[PDB]
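K.L.:
need a 3D model of the following:
(chains A, B, C, D, E, F, G, H, I and J, ligands or ions: 152)
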Amino acid sequence: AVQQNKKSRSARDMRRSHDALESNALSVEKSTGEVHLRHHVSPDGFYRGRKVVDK
Amino acid sequence: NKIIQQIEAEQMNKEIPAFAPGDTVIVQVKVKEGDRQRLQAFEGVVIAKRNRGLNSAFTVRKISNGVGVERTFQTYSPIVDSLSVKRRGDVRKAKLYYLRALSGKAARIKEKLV
Amino acid sequence: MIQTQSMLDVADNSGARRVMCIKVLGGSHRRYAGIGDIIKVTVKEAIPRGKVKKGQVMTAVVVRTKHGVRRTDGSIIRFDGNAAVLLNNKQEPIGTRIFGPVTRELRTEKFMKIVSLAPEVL
Amino acid sequence: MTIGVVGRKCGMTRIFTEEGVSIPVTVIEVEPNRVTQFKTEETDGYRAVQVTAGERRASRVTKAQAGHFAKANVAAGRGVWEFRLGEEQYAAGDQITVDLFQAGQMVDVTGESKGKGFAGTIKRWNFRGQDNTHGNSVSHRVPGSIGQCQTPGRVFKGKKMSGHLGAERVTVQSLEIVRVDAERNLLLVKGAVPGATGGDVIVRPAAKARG
Amino acid sequence: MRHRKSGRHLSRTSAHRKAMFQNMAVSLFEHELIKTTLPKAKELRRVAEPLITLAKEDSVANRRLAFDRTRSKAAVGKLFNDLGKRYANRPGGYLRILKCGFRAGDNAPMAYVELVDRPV
RNA sequence: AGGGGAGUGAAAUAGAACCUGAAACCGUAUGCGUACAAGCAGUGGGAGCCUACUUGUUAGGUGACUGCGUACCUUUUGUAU
RNA sequence: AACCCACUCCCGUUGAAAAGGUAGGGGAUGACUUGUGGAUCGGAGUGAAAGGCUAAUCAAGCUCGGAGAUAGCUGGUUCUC
RNA sequence: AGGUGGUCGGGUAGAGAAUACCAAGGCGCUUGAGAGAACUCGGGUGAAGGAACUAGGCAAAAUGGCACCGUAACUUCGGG
RNA sequence: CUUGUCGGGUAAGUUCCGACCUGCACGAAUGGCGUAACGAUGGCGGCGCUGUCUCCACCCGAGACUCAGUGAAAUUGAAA
RNA sequence: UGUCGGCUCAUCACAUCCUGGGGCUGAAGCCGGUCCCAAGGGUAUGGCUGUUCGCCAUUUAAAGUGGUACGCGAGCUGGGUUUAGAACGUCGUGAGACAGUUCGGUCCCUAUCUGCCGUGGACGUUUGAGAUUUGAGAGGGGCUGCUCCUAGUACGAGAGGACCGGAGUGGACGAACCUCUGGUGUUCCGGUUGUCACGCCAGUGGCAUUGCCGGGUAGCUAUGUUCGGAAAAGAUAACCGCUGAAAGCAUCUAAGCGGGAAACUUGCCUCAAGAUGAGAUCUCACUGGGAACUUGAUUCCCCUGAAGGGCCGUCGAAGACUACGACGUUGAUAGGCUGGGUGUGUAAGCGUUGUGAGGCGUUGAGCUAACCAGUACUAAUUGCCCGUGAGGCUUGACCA
Ligand SMILES: [Mg+2]
Ligand SMILES: [Mg+2]
Ligand SMILES: [Mg+2]
Ligand SMILES: [Mg+2]
Ligand SMILES: [Mg+2]
Ligand SMILES: [Mg+2]
Ligand SMILES: [Mg+2]
Ligand SMILES: [Mg+2]
Ligand SMILES: [Mg+2]
Ligand SMILES: [Mg+2]
Ligand SMILES: [Mg+2]
Ligand SMILES: [Mg+2]
Ligand SMILES: [Mg+2]
Ligand SMILES: [Mg+2]
Ligand SMILES: [Mg+2]
Ligand SMILES: [Mg+2]
Ligand SMILES: [Mg+2]
Ligand SMILES: [Mg+2]
Ligand SMILES: [Mg+2]
Ligand SMILES: [Mg+2]
Ligand SMILES: [Mg+2]
Ligand SMILES: [Mg+2]
Ligand SMILES: [Mg+2]
Ligand SMILES: [Mg+2]
Ligand SMILES: [Mg+2]
Ligand SMILES: [Mg+2]
Ligand SMILES: [Mg+2]
Ligand SMILES: [Mg+2]
Ligand SMILES: [Mg+2]
Ligand SMILES: [Mg+2]
Ligand SMILES: [Mg+2]
Ligand SMILES: [Mg+2]
Ligand SMILES: [Mg+2]
Ligand SMILES: [Mg+2]
Ligand SMILES: [Mg+2]
Ligand SMILES: [Mg+2]
Ligand SMILES: [Mg+2]
Ligand SMILES: [Mg+2]
Ligand SMILES: [Mg+2]
Ligand SMILES: [Mg+2]
Ligand SMILES: [Mg+2]
Ligand SMILES: [Mg+2]
Ligand SMILES: [Mg+2]
Ligand SMILES: [Mg+2]
Ligand SMILES: [Mg+2]
Ligand SMILES: [Mg+2]
Ligand SMILES: [Mg+2]
Ligand SMILES: [Mg+2]
Ligand SMILES: [Mg+2]
Ligand SMILES: [Mg+2]
Ligand SMILES: [Mg+2]
Ligand SMILES: [Mg+2]
Ligand SMILES: [Mg+2]
Ligand SMILES: [Mg+2]
Ligand SMILES: [Mg+2]
Ligand SMILES: [Mg+2]
Ligand SMILES: [Mg+2]
Ligand SMILES: [Mg+2]
Ligand SMILES: [Mg+2]
Ligand SMILES: [Mg+2]
Ligand SMILES: [Mg+2]
Ligand SMILES: [Mg+2]
Ligand SMILES: [Mg+2]
Ligand SMILES: [Mg+2]
Ligand SMILES: [Mg+2]
Ligand SMILES: [Mg+2]
Ligand SMILES: [Mg+2]
Ligand SMILES: [Mg+2]
Ligand SMILES: [Mg+2]
Ligand SMILES: [Mg+2]
Ligand SMILES: [Mg+2]
Ligand SMILES: [Mg+2]
Ligand SMILES: [Mg+2]
Ligand SMILES: [Mg+2]
Ligand SMILES: [Mg+2]
Ligand SMILES: [Mg+2]
Ligand SMILES: [Mg+2]
Ligand SMILES: [Mg+2]
Ligand SMILES: [Mg+2]
Ligand SMILES: [Mg+2]
Ligand SMILES: [Mg+2]
Ligand SMILES: [Mg+2]
Ligand SMILES: [Mg+2]
Ligand SMILES: [Mg+2]
Ligand SMILES: [Mg+2]
Ligand SMILES: [Mg+2]
Ligand SMILES: [Mg+2]
Ligand SMILES: [Mg+2]
Ligand SMILES: [Mg+2]
Ligand SMILES: [Mg+2]
Ligand SMILES: [Mg+2]
Ligand SMILES: [Mg+2]
Ligand SMILES: [Mg+2]
Ligand SMILES: [Mg+2]
Ligand SMILES: [Mg+2]
Ligand SMILES: [Mg+2]
Ligand SMILES: [Mg+2]
Ligand SMILES: [Mg+2]
Ligand SMILES: [Mg+2]
Ligand SMILES: [Mg+2]
Ligand SMILES: [Mg+2]
Ligand SMILES: [Mg+2]
Ligand SMILES: [Mg+2]
Ligand SMILES: [Mg+2]
Ligand SMILES: [Mg+2]
Ligand SMILES: [Mg+2]
Ligand SMILES: [Mg+2]
Ligand SMILES: [Mg+2]
Ligand SMILES: [Mg+2]
Ligand SMILES: [Mg+2]
Ligand SMILES: [Mg+2]
Ligand SMILES: [Mg+2]
Ligand SMILES: [Mg+2]
Ligand SMILES: [Mg+2]
Ligand SMILES: [Mg+2]
Ligand SMILES: [Mg+2]
Ligand SMILES: [Mg+2]
Ligand SMILES: [Mg+2]
Ligand SMILES: [Mg+2]
Ligand SMILES: [Mg+2]
Ligand SMILES: [Mg+2]
Ligand SMILES: [Mg+2]
Ligand SMILES: [Mg+2]
Ligand SMILES: [Mg+2]
Ligand SMILES: [Mg+2]
Ligand SMILES: [Mg+2]
Ligand SMILES: [Mg+2]
Ligand SMILES: [Mg+2]
Ligand SMILES: [Mg+2]
Ligand SMILES: [Mg+2]
Ligand SMILES: [Mg+2]
Ligand SMILES: [Mg+2]
Ligand SMILES: [Mg+2]
Ligand SMILES: [Mg+2]
Ligand SMILES: [Mg+2]
Ligand SMILES: [Mg+2]
Ligand SMILES: [Mg+2]
Ligand SMILES: [Mg+2]
Ligand SMILES: [Mg+2]
Ligand SMILES: [Mg+2]
Ligand SMILES: [Mg+2]
Ligand SMILES: [Mg+2]
Ligand SMILES: [Mg+2]
Ligand SMILES: [Mg+2]
Ligand SMILES: [Mg+2]
Ligand SMILES: [Mg+2]
Ligand SMILES: [Mg+2]
Ligand SMILES: [Mg+2]
Ligand SMILES: [Mg+2]
Ligand SMILES: [Mg+2]
Ligand SMILES: [Mg+2]
Ligand SMILES: [Mg+2]
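P.N.:
Numbers count the residues shown, from 1 in each chain, chains lettered A, B, ... in the order given. Ligands and ions are numbered 1, 2, ... in the order given. Here you go:
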């Protein structure tokens, strides 16, 4: 099955009105001042005020 | 389920002497034909046993008149007036469903003497 | 439960050994016959000088079934085979003896005769 | 109907009578209900009573709800339900227990049925399948035809298709009360009740009833 | 439907799953800290923590039972000698899971799994 | 990789895929319109708003609301077909 | 069994494949299967014969010429008054 | 996932170059991670019936080895 | 004509088997009538067996679904 | 513009097959015939044949007649029919033919728009928010047998055998559920074959369709369990009337007043204020300055952001993704741990007996998924973003 008519410029842009992206929840580790993902270990290696992996 | 266990616990007062699959038991069932109250005996080997508190059940098999018959009893039902173990058998399994394909000398259960 | 083309043996001395169900009576689109249910059978195998013949269409009542029958307390009674009793035009047994046990739900108004003839009632 | 209680489905059990009969029974715990608001002809239009049961944390109760539960000194419970009463008098603060029911007393039970996710036409509408052999091509549980040709030439509204055997509300009518346990706050009802264990159920006198 | 069922299929046969989690448990007891996928880490704690509890008492039958579940002499040696003695008074929860972002290759969520009282 | 400056040149939006660089097609910014409304999407009437300036019998941009209105070619006695 | 074949179902049909795959199936010391080299061809060859095969093309191969064959038949035919 | 001539070809079971688990040797097949709807594909188990299915027992299920006993009509005297 | 008529097989048989002869329109090397063995050959009937079916249920893998990367196709006068 | 029949799924008409209500009868009763009203719900399984049909067998209350591209192949099939092979009869000298037989013979498409079944995002509902609701409207449902009592009564010479009214138990269909009866249960426990490995013995593990098997928890599930169709009211259809003239009588009608059916409107269940006519009730939150005007439902700047919502995390009998529901340390949300329960069925090691396989004891042992109860041991942070600052105007009545 295929279209009998080609879609218009407006018609295919209304379908894409739901394609936007959402942002993530970011937090600032107050001990260091570093931005990280919420509930995740920072790229440095801190979580909730403690060293976990130390690179 | 904590309070369902208490509903069921008030209905469990019968004694129910211990028995095992493979045992030969005699069950006294209550029959109420008309207004009279008599007891009928059902004797056979216990092939299965279901241990679920008030929902306990067991199955006994016998050869009546050349026809095999199996009855599943609800242990705590008032229909089961009493129970007695005529003989004890020596088996390795919990369910003896293989006995249905054996007829005569092949379906004999060895006895547990000790 | 019995349906069309189920094979079941005879609990009588009417001369038939095997009968085959060809109709389950008592209702449109009815599917199964249990203990105490009337069916329509055809004789598939018979004794040389019995009182029924091979290829004969007649009425029977189911007396003993493999599926079983359940009681009011939850218990169930099962047998190792399906058996029937052949009936005449006025719904009475054709044979004079009955072989094997029967069940207490056969003690209706019209089947009390075959309950009394059975060696055992369960 | 017109008055009832809100309970929780505890599960199923059995009781044996002295004659040797097993009764299938559903156990319903009815924590005592507290009257939160009474509605009359003049104040609200229709006429009903508002009820809450259970408990909720202080942190899960909003300020709008907390002040509603403080006009009637009731304390917060889980959920709020309403019963449309014919002609009864209640005040904000009364208790409603298992005591308005007795043995006998055909009742109706409402609940949220168990949810199947996305069901096909065989399970949802009791359709019958095509052949499993004899040359069938990848069309064993498919619905089949859904309409007719040029005439109307569309699908009629209400056509039975697949999707979401629901977690809907359903009522079961004319169930018999077997036992009322006043000190344990239990209703024993003969039969099955919609929902799973721990769900919310509403018990009311049978609408039809009669016989 | 899946009502009240436990366990993840993880797109593997049940024989593949048994071997894979048996490999992770041996690695965790030796390296004391591993990095894996978040769904896999949440299924590993139902396999490796029963093994630590089993090792809290030393006997021939227990060391045989541990070997049948981890076919590794070193892993059975690490238990019954270091673990189980370290966690003698700890009533459960011998390991910890911490989310640590996503992989570049497939954007798979990742987590760390480590024992609670590492000597480091 | 690609850029931002600096330099050469009369001219780098002449920078090597290098004269000029149109159309289809894809974007960013501004103005007006558009979420109770039925159809060849225009045409006749027409309020409101915005811009410019000659400050309203003006010019430009939008077009709420409303009357009328079933593409083009070919082939045919005859096509919205 | 290998090897040669191709009777059935299903899948696949925009295929992994312009004829396959998984399950089953037939012959399997012979009128057998197969490698290398060679001979016969376009009104001609070859054919345990199906009008089959002759380079994914066969009731007369492909290629280049006669050649812009002929087409009472379809289609199209471009600015203005 | 096609086709392609010839040579070598171990151990334990096995008549065997079948088949299964291994050796020497080689590989995990160039998108992954989740979750566990309908439906499709390839499979496992199924109460009581047992061909009622269908154009048709299609498909599936079933049988299956070695030794010994025993084996009908018919026959071209081999067979079956 | 025709599902000819009779018999058998089935509870019920336009198919099958045995006959009848009224051969629309058989017939003797475009061979006639039989025939053991043989056939991935056509028709019919039984035993066993079964999810073929009454009437479907549960379970296991690969897709379908969501996330990250790459990235087609037939079709299309214009569409409020 | 794919042509028969079958399967799956349907929708409408009434010229009604059953059930419902009536008139006449050459209607004693039980049964019938015919006509009128009525479309709510129902309305077989097989043997033969490619068959629709038909004929048979056995049921049922009944096995209705038609329209929908003789409904339905971008839903399935491919037996019939109409390609290419082969044969029979007949026709033709022949190539060949037959609307005559017979055997064999490839059924493609990832759904754009309308449509339909589910499930969301945005905005609106005139300050915003948490919760509970009314019901304009719309869907679902509506079937029926047999037995017993009335009563062997009415009726009838007898045989036979009721209306009206009441009680029980079935078939088919539908919903919910898992206490029971079972199925499944490659996540639990055992038996066993071949082979490889853990140094070896013992004991275990990989592979062989889960290697093959025997059981089986939770969940799901039917074949298991429970429930349902109503009663009742209103307005009527055919039909039966009361009173009553025109037309001194008669007459259901012209005025007026009744009875009357599974059809219609309610009553039973579900959805339902996007019902833009966007409804109602309870409670909660916000009570600061300045500047420019194109001087009021205006714009800009500083301060202040509440009630609440979301992101995120731990999950769920909720689920395609969503949405919905519970919880986030002041916590039992998930995992573990501790007890129990359930299933399987007497582990290992050791000691005895035996030349050995094996037996016996310690021992109903050991192991045990999803279940029940408890317990902060592990994971749910100490966060960010939206949402503001008292809610226009006109008219009337109360009020000061
Ligand atoms: Mg289109
Ligand atoms: Mg077109
Ligand atoms: Mg649109
Ligand atoms: Mg998109
Ligand atoms: Mg449900
Ligand atoms: Mg669910
Ligand atoms: Mg079917
Ligand atoms: Mg096919
Ligand atoms: Mg195909
Ligand atoms: Mg298939
Ligand atoms: Mg179509
Ligand atoms: Mg139309
Ligand atoms: Mg439908
Ligand atoms: Mg769980
Ligand atoms: Mg395996
Ligand atoms: Mg310069
Ligand atoms: Mg330029
Ligand atoms: Mg230039
Ligand atoms: Mg260029
Ligand atoms: Mg130049
Ligand atoms: Mg240029
Ligand atoms: Mg351009
Ligand atoms: Mg744009
Ligand atoms: Mg713009
Ligand atoms: Mg409107
Ligand atoms: Mg508008
Ligand atoms: Mg439109
Ligand atoms: Mg104008
Ligand atoms: Mg203008
Ligand atoms: Mg206009
Ligand atoms: Mg206009
Ligand atoms: Mg117009
Ligand atoms: Mg024309
Ligand atoms: Mg024409
Ligand atoms: Mg046109
Ligand atoms: Mg015209
Ligand atoms: Mg056109
Ligand atoms: Mg080869
Ligand atoms: Mg196959
Ligand atoms: Mg093959
Ligand atoms: Mg072969
Ligand atoms: Mg041969
Ligand atoms: Mg050669
Ligand atoms: Mg040559
Ligand atoms: Mg030529
Ligand atoms: Mg030919
Ligand atoms: Mg060539
Ligand atoms: Mg070729
Ligand atoms: Mg010329
Ligand atoms: Mg030319
Ligand atoms: Mg033309
Ligand atoms: Mg070898
Ligand atoms: Mg062998
Ligand atoms: Mg091999
Ligand atoms: Mg090697
Ligand atoms: Mg995956
Ligand atoms: Mg799956
Ligand atoms: Mg399948
Ligand atoms: Mg199977
Ligand atoms: Mg099983
Ligand atoms: Mg079965
Ligand atoms: Mg079993
Ligand atoms: Mg069976
Ligand atoms: Mg059989
Ligand atoms: Mg048949
Ligand atoms: Mg049939
Ligand atoms: Mg076959
Ligand atoms: Mg097979
Ligand atoms: Mg023979
Ligand atoms: Mg003929
Ligand atoms: Mg004939
Ligand atoms: Mg005949
Ligand atoms: Mg046949
Ligand atoms: Mg001659
Ligand atoms: Mg001839
Ligand atoms: Mg002959
Ligand atoms: Mg041959
Ligand atoms: Mg033959
Ligand atoms: Mg037959
Ligand atoms: Mg993607
Ligand atoms: Mg078409
Ligand atoms: Mg159908
Ligand atoms: Mg109509
Ligand atoms: Mg009519
Ligand atoms: Mg008529
Ligand atoms: Mg009728
Ligand atoms: Mg009628
Ligand atoms: Mg009449
Ligand atoms: Mg009707
Ligand atoms: Mg009808
Ligand atoms: Mg209707
Ligand atoms: Mg109607
Ligand atoms: Mg009605
Ligand atoms: Mg039929
Ligand atoms: Mg029929
Ligand atoms: Mg046929
Ligand atoms: Mg119709
Ligand atoms: Mg018409
Ligand atoms: Mg017609
Ligand atoms: Mg048609
Ligand atoms: Mg039709
Ligand atoms: Mg098709
Ligand atoms: Mg068709
Ligand atoms: Mg198709
Ligand atoms: Mg179409
Ligand atoms: Mg299709
Ligand atoms: Mg054909
Ligand atoms: Mg065919
Ligand atoms: Mg031909
Ligand atoms: Mg001739
Ligand atoms: Mg063939
Ligand atoms: Mg043919
Ligand atoms: Mg359209
Ligand atoms: Mg209404
Ligand atoms: Mg509407
Ligand atoms: Mg209605
Ligand atoms: Mg309706
Ligand atoms: Mg009714
Ligand atoms: Mg019916
Ligand atoms: Mg039912
Ligand atoms: Mg159901
Ligand atoms: Mg159950
Ligand atoms: Mg259970
Ligand atoms: Mg070794
Ligand atoms: Mg050993
Ligand atoms: Mg082994
Ligand atoms: Mg290996
Ligand atoms: Mg197995
Ligand atoms: Mg086997
Ligand atoms: Mg088993
Ligand atoms: Mg098992
Ligand atoms: Mg089982
Ligand atoms: Mg279960
Ligand atoms: Mg009169
Ligand atoms: Mg009068
Ligand atoms: Mg008068
Ligand atoms: Mg009047
Ligand atoms: Mg609203
Ligand atoms: Mg509102
Ligand atoms: Mg707040
Ligand atoms: Mg909320
Ligand atoms: Mg979830
Ligand atoms: Mg939430
Ligand atoms: Mg606590
Ligand atoms: Mg817990
Ligand atoms: Mg435990
Ligand atoms: Mg136990
Ligand atoms: Mg022992
Ligand atoms: Mg031991
Ligand atoms: Mg063991
Ligand atoms: Mg002992
Ligand atoms: Mg135990």
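K.L.:
tell me who's in contact with the residue of chain C positioned farthest from its centre.
P.N.:
In chain C, the residue that sits farthest from the middle, by Cα atoms, centre = their mean, is residue C:73; the gap is 25.3 Å. Applying Cβ atoms under 8 Å, 6 or more residues apart in numbering or on different chains, one finds that residue C:73 lies in contact with B:74, B:77-79, D:16, D:20-22. Just so you know, the C-beta spots here come from the backbone N, C-alpha and C atoms, and that holds for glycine as well.
K.L.:
and the helices in chain A?
P.N.:
Listed in chain order, the helices of chain A (DSSP state H) span residues A:9-15.
K.L.:
taking it, what residue is nearest to ligand 13?
P.N.:
Residue of chain A nearest ligand 13, by Cβ to the ion: residue A:1 (23.2 Å).
K.L.:
mind listing what that residue touches?
P.N.:
Taking Cβ under 8 Å, 6+ apart as the definition, residue A:1 has no contacts.
K.L.:
adding neighbour count, distance to residue C:82 and secondary structure, write the contacts of residue C:73 out as TSV.
P.N.:
Below are the contacts of residue C:73 laid out as TSV (neighbours: other Cβ atoms under 10 Å in any protein chain shown; distance: Cβ to Cβ, whole Å; DSSP: H, G, I helix; E, B strand; the rest coil):
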residue	neighbour count	distance to residue C:82	secondary structure
B:74	23	25	strand
B:77	25	27	coil
B:78	16	31	coil
B:79	22	26	coil
D:16	18	32	strand
D:20	20	28	coil
D:21	15	29	coil
D:22	19	27	strand
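K.L.:
biggest separation within those, which pair?
P.N.:
By the measure Cβ to Cβ, B:74 and D:21 form the most distant pair in these, at 11.3 Å.
K.L.:
what about the helices in chain D?
P.N.:
All helices of chain D, identified by DSSP H, fall at D:41-44, D:63-71, D:121-125.
K.L.:
so which of those helices comes closest to chain A?
P.N.:
With Cβ to the nearest Cβ, the closest approach to chain A among these belongs to helix D:121-125: 21.8 Å.
K.L.:
off-centre distance for that closest one?
P.N.:
How far helix D:121-125 lies from its chain's middle: 23 Å, per Cα atoms, centre = their mean, to the nearest Å.
K.L.:
ok, residues contacting that helix?
P.N.:
Helix D:121-125 has contacts (Cβ under 8 Å, 6+ apart) with D:116, D:127-129, D:141, D:143, D:160-163, D:165.
K.L.:
could you rerun that using 10 Å?
P.N.:
Applying Cβ atoms under 10 Å, 6 or more residues apart in numbering or on different chains, the contact partners of helix D:121-125 are D:116, D:118-119, D:127-129, D:140-144, D:160-166.
K.L.:
could you give the bridge partners of the spatially most central residue of chain C?
P.N.:
Nearest to the geometric centre of chain C sits residue C:84, at 2.0 Å (Cα atoms, centre = their mean). Taking DSSP bridges, one obtains residue C:10, residue C:62 as the residues bridged to residue C:84.
K.L.:
on that earlier part again, nearest to residue B:57, out of the helices of chain D?
P.N.:
Closest to residue B:57 of the helices of chain D is helix D:121-125 (Cβ to Cβ; 30.9 Å).
K.L.:
looking at chain C, what residue ends up closest to RNA strand G?
P.N.:
residue C:5 (26.5 Å; Cβ to the nearest atom of the strand).
K.L.:
may I have the secondary structure class of residue E:22?
P.N.:
Under DSSP: H, G, I helix; E, B strand; the rest coil, residue E:22 falls in the helix class.
K.L.:
can you pull the contacts of the closest residue to it other than its chain neighbours?
P.N.:
Of all residues beyond its chain neighbours, the one nearest residue E:22 is residue E:70 (6.3 Å), with distances taken as Cβ to Cβ, 6 or more residues apart in numbering or on different chains. Going by Cβ under 10 Å, 6+ apart, residue E:70 touches E:22-23, E:25-26, E:29, E:47-48, E:51, E:76, E:78-79.
K.L.:
restricted to strands, list these.
P.N.:
Among the contacts of residue E:70, no residue falls in strands (DSSP state E).
K.L.:
okay if I get those as CSV plus neighbour count and distance to residue D:205?
P.N.:
Listed next are the contacts of residue E:70 as CSV, based on neighbours: other Cβ atoms under 10 Å in any protein chain shown; distance: Cβ to Cβ, whole Å:
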residue, neighbour count, distance to residue D:205
E:22, 16, 60
E:23, 12, 63
E:25, 21, 59
E:26, 19, 65
E:29, 23, 64
E:47, 17, 54
E:48, 22, 57
E:51, 22, 58
E:76, 23, 67
E:78, 18, 68
E:79, 24, 64
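K.L.:
show me which of these is closest to residue C:100.
P.N.:
Nearest to residue C:100 out of the contacts of residue E:70 is residue E:47 (Cβ to Cβ; 56.5 Å).
K.L.:
wait, that closest one sits on residue E:69?
P.N.:
Yes. Counting by Cβ atoms under 10 Å, residue E:47 touches residue E:69, with 8.4 Å between them.
K.L.:
residues that sit against both of these two, list them.
P.N.:
Shared contacts of residue E:47 and residue E:69, defined by Cβ under 10 Å, 6+ apart, comprise E:18, E:22, E:25.
K.L.:
what does the helix or strand hosting the first one rub up against?
P.N.:
For residue E:18, the enclosing helix or strand under DSSP states H and E is helix E:14-31. Residues external to helix E:14-31 that are found in contact with it (Cβ under 10 Å, 6+ apart): E:7-13, E:33-34, E:36, E:40-41, E:43-44, E:46-52, E:55, E:69-72, E:74-79, E:82-83, E:95, E:113-115.
K.L.:
ok, now stretch C:22-40?
P.N.:
By Cβ under 10 Å, 6+ apart, stretch C:22-40 touches C:1-6, C:8, C:19-21, C:41-42, C:57-65, C:67-70, C:77, C:79, C:82-84, C:87, C:91, C:102-103, C:105-108, C:110-111.
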